[PDB]
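As structure tokens, one chain now follows by itself in the form deposited in one PDB entry.
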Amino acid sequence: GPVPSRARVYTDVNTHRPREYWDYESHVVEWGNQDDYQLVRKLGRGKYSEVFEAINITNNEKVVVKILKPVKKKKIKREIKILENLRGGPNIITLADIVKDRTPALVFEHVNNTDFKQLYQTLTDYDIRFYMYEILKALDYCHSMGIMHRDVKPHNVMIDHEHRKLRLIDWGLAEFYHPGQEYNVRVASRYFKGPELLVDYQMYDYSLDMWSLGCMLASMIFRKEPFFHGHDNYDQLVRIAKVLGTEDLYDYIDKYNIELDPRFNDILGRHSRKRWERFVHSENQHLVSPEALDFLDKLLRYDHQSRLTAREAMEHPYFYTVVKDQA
């Protein structure tokens, strides 16, 4: 069977906490008063919810309400517990309230978001570095708190551009990291799935989030959304292999003694590792630096153990200007 793996960092953070921190099955939800909110307008939909703008009539605050579709009580408890554990951390969305009426509804802080597919197009080199740094602060925090997001992607990053304000949202797929735990690989949107998910390696960790982040960075600096455009989960690994190369993929599989689905054998083929130069063009060149490419290269690795940590990523030369400016 497959070789075990442990997170390089924050390995035992949960083991050292009282049981109640991570044992979300035991959590008892604190319900607020539904009558404090009036729905204003529909914002959109999710896999597990319908999302509204509302107003708290107690204090006239704008709020966002996520009314949950039918989900197991333990999955709702997990998201609540994680949001409560992370509350106050840098750039983490605030869960304001939990209400029922017998559908349960999560009430969040409102972020005045600029349209994903209209904001990114205006971003400068500096803007990308700045917002990437802000996401890294949220990820280092949640990882340090023993939590994997497992769904990092543009839709889950709210940006109020006028206020240079960012929040990482939608903790519905997030989970506590426990050394030895075999996690569900059916997580994350296709284009952002890490190689560990695609090859069915269950003993993954915080490093999953760093792959997803690298996918985001590539899409932003290269003006290519998505970067890895697979047709399905199988073809998704092929798209990755056409860039990172098949030699390193098969090295990863060997190292962990992973049993590769036989479907893959006739589709992965043989690919060279490509230089990042082939994605640079006259339109995107203003976003691309040696620093950007070095950083990206160090996130997008097959081997989860070799990817930068959040805290290592924050020390990369790509961010030196940002770090100086924040003083």
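The numbering used is simple: start at 1 and walk along the sequence shown. Basically, rigid core = biggest C-alpha set you can superpose within 1.5 Å across the two forms. Residues that one form lacks are left out of the comparison.
According to the entry, the deposited sequence has 1 to 3 residues without coordinates between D101 and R102. A summary of the deposited B-factors shows that, of 79-87 and 117-125, the stretch with the larger mean C-alpha value is 117-125.
Note on 134-142 vs 160-168: mean CA B-factor is higher in 160-168.
Ranking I92, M210, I147, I253 by Cα temperature factor from the entry places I253 first. Of the residues listed, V152, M203, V71, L237, the entry assigns the biggest Cα temperature factor to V71. Placement of the Cα temperature factor of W276 within the chain: highest third of the modelled residues, per the deposited record.
Ranked within its chain, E53 lands in the middle third, by CA B factor from the PDB record.
In the deposited entry, the Cα temperature factor of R301 places it in the lowest third of its chain's modelled residues. In the deposited entry, the Cα temperature factor of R307 places it in the lowest third of its chain's modelled residues.
The PDB entry assigns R186 a C-alpha temperature factor belonging to the middle third of its chain's modelled residues.
Separately, the form solved in complex with a partner chain exists; it is not shown, and the next lines address it.
Residue contact with its partner chain in the bound PDB entry: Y48 places a heavy atom within 4.5 Å of it. Contact annotation: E175 falls within 4.5 Å of its partner chain in the bound PDB entry, judged by heavy atom distances. Of the heavy atoms in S189, some are within 4.5 Å of its partner chain in the bound PDB entry. Among residues of the shown chain, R278 is not one whose heavy atoms approach its partner chain to within 4.5 Å in the bound PDB entry. Partner contact region in the bound PDB entry: 70-78, out of 138-146, 70-78, 211-219, 247-255, criterion any non-hydrogen atom within 4.5 Å of its partner chain.
Residue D151 is the only one of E196, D205, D151, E134 with a heavy atom lying within 4.5 Å of its partner chain in the bound PDB entry. Here is the short version: of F227, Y183, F108, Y120, the single residue with a heavy atom within 4.5 Å of its partner chain in the bound PDB entry is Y183. In a rigid core superposition between the shown form and the other one, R263 is the single residue of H286, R263, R275, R270 whose Cα is displaced by 2 Å or more. In a core-based superposition, a mobile segment is defined as at least three consecutive common residues whose CA atoms each shift by 2 Å or more; between the shown form and the other one, just one such segment exists, spanning 261-263.
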